[PDB]
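Let me begin by presenting the structure, written as structure tokens, before commenting on it.
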Amino acid sequence: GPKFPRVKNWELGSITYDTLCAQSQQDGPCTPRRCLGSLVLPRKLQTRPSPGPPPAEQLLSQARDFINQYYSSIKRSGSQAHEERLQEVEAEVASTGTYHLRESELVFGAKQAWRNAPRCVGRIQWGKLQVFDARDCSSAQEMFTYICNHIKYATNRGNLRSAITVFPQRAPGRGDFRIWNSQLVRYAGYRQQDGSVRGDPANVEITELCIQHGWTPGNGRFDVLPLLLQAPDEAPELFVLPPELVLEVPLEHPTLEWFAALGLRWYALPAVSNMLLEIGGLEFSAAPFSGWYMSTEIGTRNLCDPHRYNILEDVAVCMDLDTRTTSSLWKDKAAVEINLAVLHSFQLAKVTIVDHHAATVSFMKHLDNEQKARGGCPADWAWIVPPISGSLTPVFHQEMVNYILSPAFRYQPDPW
Amino acid sequence: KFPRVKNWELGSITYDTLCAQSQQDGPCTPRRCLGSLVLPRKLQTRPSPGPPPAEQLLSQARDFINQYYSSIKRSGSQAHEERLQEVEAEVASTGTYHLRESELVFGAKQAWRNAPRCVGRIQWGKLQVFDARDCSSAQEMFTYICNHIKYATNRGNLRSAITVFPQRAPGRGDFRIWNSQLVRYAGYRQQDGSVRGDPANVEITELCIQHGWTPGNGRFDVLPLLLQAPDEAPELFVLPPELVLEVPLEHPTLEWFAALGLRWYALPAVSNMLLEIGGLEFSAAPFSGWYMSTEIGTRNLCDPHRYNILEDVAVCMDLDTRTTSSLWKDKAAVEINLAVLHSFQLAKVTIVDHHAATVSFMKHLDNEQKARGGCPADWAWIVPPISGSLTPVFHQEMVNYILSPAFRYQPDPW
Ligand code: HEM
Ligand code: HEM
Ligand SMILES: N=C(N)SCCc1ccc(CCSC(=N)N)cc1
Ligand SMILES: N=C(N)SCCc1ccc(CCSC(=N)N)cc1
Ligand SMILES: C[C@H](O)[C@H](O)[C@H]1CNc2nc(N)[nH]c(=O)c2N1
Ligand SMILES: C[C@H](O)[C@H](O)[C@H]1CNc2nc(N)[nH]c(=O)c2N1
Ligand SMILES: [Zn+2]
């Protein structure tokens, strides 16, 4: 039949063909010889620092494709404005080597980038994104102001709103605008004498970096790290987020009264700050974006991963489970309660959150929408299926095709 | 290039060089990844009415023979040289060849070892191989299958086994076991499209009935086998009840669980896959091991398109099924898997939970890294259907590719 990947849902027995992948312009890490789909960072997308200006020919092509996408989205392909805009970009790249996006083009691209994110399960919200333009930002201090406004607007006292702030694009031979921290909010990770870690092991390097740069460290398990902001060609400056702006939620269990005595907690705003936003060839090295948490991110990965807070054993001991034998499923039990505690605490504190069931169901709806609107949807199965109760959610039974579409959010090397 | 493989829990890194030995193409291409897909668009195993290209076959044959003699440290030896000459002599004159029992045994084990979707390959070296190539009828197939079942079951102390029927032959029909497993519970369609029993077995249940089987009306009615000898209509055979060991399900603390009347069989044995060794194809080669609890507790009993018992268990547990956020599904799932483990251990029947199982697979990855320079694994199938990140394999990157000997899917005979 159709000359495109046949995709099946084994629960409902339904079939679809992905024709959108034909639009992919960039190769992933797989080949007919072997599948590398489970690799977190295959060295492909990896936007490695490419200092010297990019091949005008290369950029022009990416730029024309994007502009075509833009005019198509407003239903004006082939129009005079479309052709003139095309001429304008080529002219500009011709005389300066690069070009700039109009306001509405940036907004469209930011949303398309989210829309094209293979690893995001919250894409049903893609059309609703507050885009803060900060391409005028000229200092590390101004980056801090912008970021604070982002946090304030997105947190909105617990009624979270998706948002993104776009700082100046990478320029010919000039320094990049960078946010060193992987997220706007991160708990410190203190390397101990015995070799262990206090706080979040995931943040040991950035914590040591903040210290090397003048931050006086605390000794808690949930210390909010300061931000290391870097304006072009300048060393990074240290900024401490005003406590009132970082909304947190103490964690308690709905029936296990002792859980609250554990003193656990998590922050409300999930905001990635280390990714690169690419649109029509243009590269925005600093463009933090945020939505709202899916309970398993906090309850399963952050709190239960071996290399994170690793609280599984502590919680099992409290539930008086048999932690000496795997077959007691003590790990599974503690994990469920820990996750329930996150959903409970967030609801109580009236902070936005979505469980893995609700989330995946909404993603199934998103897949339907996209099948009709674009003939497919790039999705990374391993990342879409939740870390717990995998086959209990609908996405587990849904085959998925993964591929790279631009605009996109890509990983980028650490500035240090 | 050789892929860098990382374990995000430990920080350890390795390089898979084994993938370089892959000679068969997968579904992926640089433009898009199709690793989450269950079946090949065609990778399958097309008909065999004509002889396979002498060149190709001979190529796969030499490779396999080389593999074998290497395994017994007798490479380049006299036997190795003469064995190669035999194979060539036979292919050249008949367009095919046959394997020696020892080679077949080596092939079966290698196929299991190369199976990317198998999480219990640490056991790959311990496999009882029943040579059934001297089988000429459905009736004989049935006797072989009964012995395999008696042996494998071993009164609850399961032993991994495989039975190999005649290889496919040019222009002649294949020997085939129509059922997907040697033990399957009937799935009866009735009234309003609903199904009594196992929905996954509706079609096969219907084929059996059409071939004279007197259907039952239960949720767990053990189906009969439809064994097919070359170019002949399949034959119906009922398995002796005392042979099909089953485990009644109860819960360690929840008294009411047993009242649900749930049960599952002890022997997981695939009988619809094809075994390929050195170019030769074995369309009927049933193999069995022992169950990992999540297969029964999570997929078979909880899949929405299977027994789908989640809600029932939830209501019995008096959970809040009004909303997703109460995690009633996750809670019932855990109790159901516990019950499965409890019940099998009570019945003294082999079973492995998903934690122990994935821990052993990790040791296997290590054993293989040192033994072959890598290990083909399918991450989507290796990670358990519940508590994914709570097991070590979730945090382990994997490379997937096709090595031979190999187990492959093949078209349904009807
Ligand atoms: C509205 C709520 C949203 C939810 C519930 C949601 C949920 C998720 C989840 C569960 C992940 C995986 C997190 C992990 O495993 O570490 C993710 C990844 C991702 N999301 Fe969304 N998302 C939302 C909003 C957004 C927004 C606004 C953007 C972009 C403008 C976005 C872009 C991405 C990207 C690019 C990734 C992958 C990043 C990486 O590879 O580390 N998401 N999202
Ligand atoms: C000793 C105990 C064994 C255990 C615990 C084990 C476990 C598993 C599990 C959990 C799966 C996935 C099942 C599913 O989700 O449907 C699997 C798949 C598979 N196993 Fe093993 N296995 C064992 C023995 C064997 C043996 C003896 C063979 C063959 C000689 C084998 C061949 C395979 C193959 C080919 C697959 C993929 C089947 C398919 O794609 O349908 N396994 N195994
Ligand atoms: N994840 C959500 N529920 S809202 C979307 C914004 C967001 C995406 C991904 C992460 C995980 C860290 S991945 C990284 N920092 N590159 C955190 C925050
Ligand atoms: N599964 C084990 N624990 S032992 C290995 C033998 C085995 C593998 C897979 C299945 C499931 C059906 S897959 C299919 N029929 N192709 C059944 C039996
Ligand atoms: C090795 C493996 O790719 C890795 O552990 C992946 C699996 N799936 C994931 N899925 C999500 N959402 N987030 C992750 O960080 C991961 N990690
Ligand atoms: C669509 C998706 O590939 C499918 O549901 C897969 C996922 N992982 C699996 N893993 C195992 N072990 N067994 C399966 O049947 C599946 N099904
Ligand atoms: Zn792939």
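Labels below follow one simple rule: chain letters A, B, ... track the order of the sequence lines, proteins then strands, and each chain is numbered from 1.
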Just so I know, are the side chains of B:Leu319 and B:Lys331 near enough to count as touching, which here means a heavy-atom distance under 4.5 Å?
yes
Given side-chain contact (heavy atoms from CB on, under 4.5 Å), test A:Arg221 with A:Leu264 step by step and report yes or no.
CA-CA 9 Å; A:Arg221 205 179 178 201; A:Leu264 301 174; 3.9 Å; yes
Determine whether a donor-acceptor pair (N or O, by modelled atom type, separation under 3.5 Å) exists between the side chain of A:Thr155 and the backbone of A:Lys152.
no
Does the side chain of B:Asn337 come under 3.5 Å of the side chain of B:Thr294 through a donor N or O and an acceptor N or O?
no
Donor-acceptor under 3.5 Å (A:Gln371 side chain, A:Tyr17 main chain)
yes
Angle class for the A:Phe409/A:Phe289 ring planes (parallel below 30°, perpendicular above 60°, tilted otherwise)?
tilted
Between the side chains of A:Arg123 and A:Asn369, does any donor sit under 3.5 Å from an acceptor?
no
Looking just at side-chain N and O atoms, do A:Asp355 and B:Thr324 make a donor-acceptor pair shorter than 3.5 Å?
yes
Which atoms form the tightest heavy-atom contact between A:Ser162 and A:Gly291, and what is the distance?
OG-CA, 3.8 Å
Close aromatic pair by centroid cut-off 6.0 Å: A:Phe346 and A:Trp266
no
I would like to know whether A:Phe167 and A:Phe284 meet side-chain contact (heavy atoms from CB on, under 4.5 Å); could you show each step before the answer?
CA-CA 7 Å; A:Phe167 290 112; A:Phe284 298 89; over 6 Å; no
Only one of A:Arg410, A:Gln412, A:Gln26, A:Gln169 passes side chain to side chain donor-acceptor pair (under 3.5 Å) with A:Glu278; say which it is.
A:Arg410
Within the distance-only criterion (no hydrogens, no angle test), does the side chain of B:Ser36 pair as donor or acceptor with the backbone N or O of A:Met400 below 3.5 angstrom?
yes
Criterion side-chain contact (heavy atoms from CB on, under 4.5 Å) on B:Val399 and B:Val5, from CA distance to verdict
CA-CA 8 Å; B:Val399 184; B:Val5 190; 3.6 Å; yes
Just checking, is any N or O donor in the side chain of A:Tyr267 or A:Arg186 under 3.5 Å from an acceptor N or O on the other one?
yes
Under a 4.0 Å N-O cut-off, is there an ion pair linking B:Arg299 with B:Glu295?
no
Under 3.5 Å, is there a donor-acceptor pair linking the side chains of A:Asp18 and A:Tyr403?
yes
Side-chain touch A:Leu348/A:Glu252, heavy atoms, less than 4.5 angstrom
yes
Given A:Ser290 and A:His150, is the side-chain hydrogen bond (donor to acceptor under 3.5 Å, both in side chains) satisfied, shown in steps?
CA-CA 9 Å; A:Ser290 61; A:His150 181 114; 3.0 Å; yes
Without hydrogens or angle criteria, can the side chains of A:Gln25 and A:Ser406 be said to hold a donor-acceptor pair below 3.5 Å?
no
Between the side chains of A:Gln112 and A:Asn116, is a donor N or O closer than 3.5 angstrom to an acceptor N or O?
no
Taking the ring centre of each residue, are A:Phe222 and A:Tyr187 less than 6.0 Å apart?
yes
A:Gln23 and B:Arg31: side-chain donor and acceptor closer than 3.5 Å?
no
Donor-acceptor pair between B:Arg306 and B:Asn300 side chains, under 3.5 angstrom
yes
For the side chain of A:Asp200 and the backbone of A:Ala202, is there at least one donor-acceptor N/O pair under 3.5 Å apart?
yes
Under 3.5 Å, is there a donor on one side chain and an acceptor on the other for B:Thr391 and B:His354?
no
Under 3.5 Å side-chain donor-acceptor pair for A:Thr352 and A:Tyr293
no
Testing the 3.5 Å rule here: is there a donor-acceptor pair between the side chains of B:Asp330 and A:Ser389?
yes
All ring-ring contact (aromatic ring centres under 6.0 Å, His included) counterparts of A:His357, not counting sequence neighbours:
none
Please determine whether side-chain contact (heavy atoms from CB on, under 4.5 Å) holds for the pair A:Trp126 and A:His366, giving the CA-CA distance in whole Å, both sets of side-chain angles, and the decisive distance to 0.1 Å.
CA-CA 10 Å; A:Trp126 83 268; A:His366 174 72; 3.7 Å; yes
Could you check whether any side-chain N or O of A:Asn9 sits under 3.5 Å from a backbone N or O of A:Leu12, counting only pairs where one atom can act as donor and the other as acceptor?
yes
For A:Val204, all residues meeting side-chain contact (heavy atoms from CB on, under 4.5 Å), sequence neighbours excluded
A:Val197, A:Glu208
Excluding sequence neighbours, so at least two apart, what forms salt bridge (charged side-chain N to carboxylate O under 4.0 Å, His left out) with A:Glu399?
none
